[PDB]
Amino acid sequence: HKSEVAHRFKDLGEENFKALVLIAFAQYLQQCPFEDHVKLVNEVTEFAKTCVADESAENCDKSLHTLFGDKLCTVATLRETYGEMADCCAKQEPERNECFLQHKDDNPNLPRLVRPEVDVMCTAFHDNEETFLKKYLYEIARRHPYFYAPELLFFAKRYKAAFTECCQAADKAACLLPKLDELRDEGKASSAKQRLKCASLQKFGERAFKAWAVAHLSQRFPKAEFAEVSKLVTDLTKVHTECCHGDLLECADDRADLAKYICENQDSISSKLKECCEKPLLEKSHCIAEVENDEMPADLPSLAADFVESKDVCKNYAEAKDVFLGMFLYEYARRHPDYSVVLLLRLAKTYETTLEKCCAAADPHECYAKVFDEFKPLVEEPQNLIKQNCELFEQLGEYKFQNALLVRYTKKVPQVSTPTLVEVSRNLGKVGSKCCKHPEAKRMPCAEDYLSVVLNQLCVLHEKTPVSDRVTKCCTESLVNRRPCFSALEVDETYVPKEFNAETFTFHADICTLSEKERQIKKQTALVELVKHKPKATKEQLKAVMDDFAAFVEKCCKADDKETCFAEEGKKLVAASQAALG
Ligand SMILES: N[C@@H](Cc1cc(I)c(Oc2cc(I)c(O)c(I)c2)c(I)c1)C(=O)O
Ligand SMILES: CCCCCCCCCCCCCC(=O)O
Ligand SMILES: CCCCCCCCCCCCCC(=O)O
């Protein structure tokens, strides 16, 4: 009431408070050393406590934004280190704060953070647990200035948890490594999705975003009333706009409020929101965002009734087009938790194009009467791709399955870089093992989820170093045609093969002493290079060469003479393979 600091402190807790103030300052002062931030934190915490003791103590009446800027402008090397950002201190709130956001480098130049040795980490953890964790919290925060702090805190705790369960294990590494790898990928996925939603909100605008949300929200709260789903979509759109602007405090309050609204109207939204709503402030939002779908009414009518059979469908559509179409989505989405959001968007879009070119004819009721018949092929395209790809992934394993995609895409866009093809193919292979293990009912939503970051990752790279108009075409089409576009790419007939290169196909006995991750990437790299040299090769001709190669390695990484074997037998493979592939 009288003191925000005092208040946030009381219901956030000392520990969470100290850690968030740390992440907050590291995201602006990305250049100050660790021991400098630790001091700031302690000082702010000391302040907070003074206010808890007495709401009226000096300065406790001021706003968090104001206290934040005042403290930020206290750094004596501000102008010398950050330069232009110091000029912000000459302004007044909201301008000052507004000025600080602008001068926050989204991608600073800091060395990549390397992962030390399990023993080195575990001993550091043991000795001084807090500094070990806070120093890494600091290193991650300054590198990801836009990552929602509370979310970064949630990750820190999963990290602490892994060091507790693995450093006391007989085989530490066997325990820790696979956990760290999973956290990293999950951390990277969360980040990509975060900056992806803000990008879309910018390019395509509110309407398309609201569309996306309606479908999404009604798949999870199928029992909610449309007016409820609209209310939430409105607020959810306000929250994302605010959070994307980058203002941590504003973003936080809007999320708290929305989490508050939801729990209070719980029975009217979903039955699966119990746990989430009994959780502490800091977690409510996060929990709710990951909540599972409630179950649908089962006593639901049929779409064709109100959207195809009704005679005054155009009368309702002309009165308020977006609301009606919004109704369509809501109706269609909550009967299909198994459709990907884009699929539902693709349907609404198609329904829209019909109402437009039908409500402007003599007899409307017979112009659009066959709409649902046009949904069939849209629905089946994504499904058939799943079964066809998940089947193939069963035959081969994650590794061989990746080799197939590799051959398939290299032929699609040979122009693309070998290391990029390998990376994309490896991720697509993962998505296959992460989503095919689910029952048909959850596959499509899963694939949509993983394919969106992977395809946006792809487009970004091609954004920097464009190499194909086709990839750029698919990359600049709507977020609803993005995937169908890539799925429609065909073999590159125009492509002219690369000239042979002995070097590129010469293997020394180093691959013998390499890890699984190294051997594969080394084989997969050669494979792509193989396709780029002879693009007209058959799956047969190819499978044959890979066959000679498989053994070839074994026969040199199991012989009394490493290098010699690899150079003698290697000369024989290259020559024999060249003649095979003509
Ligand atoms: N290319 C990296 C590995 C990597 C593979 C995938 I596939 C991926 O994408 C997702 C998407 C979602 I959605 C998840 O929940 C998760 I976990 C990972 C990411 I980011 C990274 C490397 O080898 O360096
Ligand atoms: C609550 C009102 C929002 C509903 C708006 C319905 C829009 C349906 C069209 C599908 C959106 C795809 C985006 C686009 O192509 O513009
Ligand atoms: C011009 C012919 C050069 C021959 C080079 C052969 C390179 C093919 C490597 C493919 C690796 C197969 C992968 C595997 O066996 O698991």
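Residues numbered from 1 in each chain as written, not as in the entry; some residues may be left out. Chains lettered and ligands numbered in written order. Heavy atoms only, no water. Residues with missing side-chain atoms left out of burial classes, pairs and counts.

Engineer: Would you take a moment to explain the overall build of the protein for this structure?
Structural biologist: When you go through the protein residue by residue, the secondary structure sums to 28 helices and 0 strands. In terms of overall dimensions, the protein has a C-alpha envelope of 85 × 80 × 45 Å along the principal axes. Contacts spanning at least 24 positions in sequence make up 69% of the contacts within the protein whose residues lie at least 6 apart. (Helix = DSSP H or I, 4+ residues; strand = E, 2+ residues; numbered from the N terminus. Contact = heavy atoms within 4.5 Å.)

Engineer: Would you take a moment to explain the UniProt feature "binding site: Ca(2+) 1" in the protein for this structure?
Structural biologist: Mapped onto the present numbering, the UniProt feature "binding site: Ca(2+) 1" falls at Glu4, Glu242, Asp247 and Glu250. The buried category is assigned to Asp247, whose relative accessible area is 8%. When sequence neighbours within four positions are dropped, the list of residues in contact with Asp247 reads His65, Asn97, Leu101 and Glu242. In this structure the side chain of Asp247 is engaged in a polar contact, spanning 3.0 Å, whose partner is the side chain of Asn97. Within the secondary structure layout, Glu250 lies in helix α13 (residues 248-264). (UniProt positions renumbered as here; feature names shortened; annotations may be inferred. Buried < 20%, exposed > 50% of the residue type's maximum accessible area, 1.4 Å probe, protein only. Polar contact = N/O pair within 3.5 Å; in protein donor to acceptor, adjacent residues only side chain to side chain.)

Engineer: Where do I start with the site of ligand 3 in this structure?
Structural biologist: Surveying the vicinity of ligand 3 reveals the residues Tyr399, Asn403, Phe500, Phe505, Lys523, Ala526, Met546, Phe549, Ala550 and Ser577. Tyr399 places a polar side-chain atom, nitrogen or oxygen, 2.9 Å from an oxygen atom of ligand 3. Interatomic distance of 3.1 Å between a side-chain N/O atom of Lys523 and an oxygen atom of ligand 3. In isolation ligand 3 exposes 500 Å². Once the protein is present, 94% of that is buried. (Near = heavy atom within 4 Å. Areas by Shrake-Rupley, 256 points an atom, 1.4 Å probe, with all protein chains shown as cover.)

Engineer: I'm lost on helix α18 (residues 321-333) in this one. Help?
Structural biologist: For an α-helix, the turn length of 3.6 residues means that residues three or four places apart are oriented alike. With 13 residues, α18 extends 18 Å from end C-alpha to end C-alpha; this agrees with the ideal 18 Å at 1.5 Å per step. If you check which residues of α18 are buried, you get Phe324, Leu325, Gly326, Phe328, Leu329, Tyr330, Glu331, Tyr332 and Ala333. Tucked inside the fold, the buried residues of α18 contact α11 (205-220), α12 (226-244), α16 (303-309), α17 (313-319) and α19 (341-356). (Expected span 1.5 Å × (residues − 1).)

Engineer: How do you make sense of unusual backbone geometry when you look at a structure like this?
Structural biologist: If a residue is not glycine, its phi is most likely negative; likewise, a peptide bond is most likely trans. Note that the residue after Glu93, namely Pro94, is joined by a cis bond; omega there is 0 degrees. Positionally, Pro94 belongs in the loop between α5 (78-81) and α6 (95-102). A positive phi angle, close to 60 degrees, is found at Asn59, a residue other than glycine. Topologically, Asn59 is positioned in the loop between α3 (34-53) and α4 (64-72). Of note in this structure, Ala298 is not a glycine but carries a positive phi near 70 degrees. Mapped onto the elements of the fold, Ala298 is located in the loop between α15 (281-289) and α16.

Engineer: What should I look at first to understand the pattern of salt bridges in this one?
Structural biologist: When their charged atoms lie close together, side chains carrying opposite charge are able to pair. As enumerated under the stated definition, the model contains 33 salt bridges in all. Measuring nitrogen to oxygen at the nearest pair gives 2.9 Å for the salt bridge that ties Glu14 to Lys18. One end of the pair, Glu14, and the other, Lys18, are both in helix α2 (residues 14-26), 4 residues apart, so they sit about a helical turn from each other. Put simply, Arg115, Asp181, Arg184, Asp185, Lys188 and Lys430 are held in one network by salt bridges that share partners. (Salt bridge = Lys/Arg side-chain N within 4 Å of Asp/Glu carboxyl O.)

Engineer: Would you mind going over the site of ligand 1 with me for this structure?
Structural biologist: Close to ligand 1 lie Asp185, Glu186, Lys188, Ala189, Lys193, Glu423, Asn427, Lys430, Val431, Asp449, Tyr450 and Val453. In the complex, 81% of the free accessible area of ligand 1, which totals 630 Å², lies under the protein chains. Breaking the shell around ligand 1 down by element, the ones donating at least two residues are α10 (172-203), α22 (418-435) and α23 (440-464). Taken together, the residues of the shell around ligand 1 sort by class into 4 nonpolar, 1 polar and 7 charged. Looking at which domains feed residues into the shell around ligand 1, each of domain 2 (106-195) and domain 5 (381-492) gives three or more. (Nonpolar A, V, L, I, M, F, W, Y, C, P; charged D, E, K, R; others polar. Domains from an automatic or database assignment.)

Engineer: Please explain the domain arrangement of the protein as it appears in this structure.
Structural biologist: Where the parts come together, the accessible area they lose is often given as the size of the interface. Along its sequence, the protein is carved into domain 1 (3-105), domain 2 (106-195), domain 3 (203-294), domain 4 (295-380), domain 5 (381-492) and domain 6 (493-570). Between the C-alpha centres of domain 1 and domain 5 there is a distance of 44 Å.

Engineer: How should the environment of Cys60 be read in this particular structure?
Structural biologist: Within the secondary structure, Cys60 sits in the loop between α3 and α4. Along the primary structure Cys60 and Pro94 are separated by 34 residues, whereas in three dimensions their C-alpha atoms are 19 Å apart. Look past the residues within four positions of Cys60 in its chain and what remains in contact with it is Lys2, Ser3, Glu4, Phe47, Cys51, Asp54 and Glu55.

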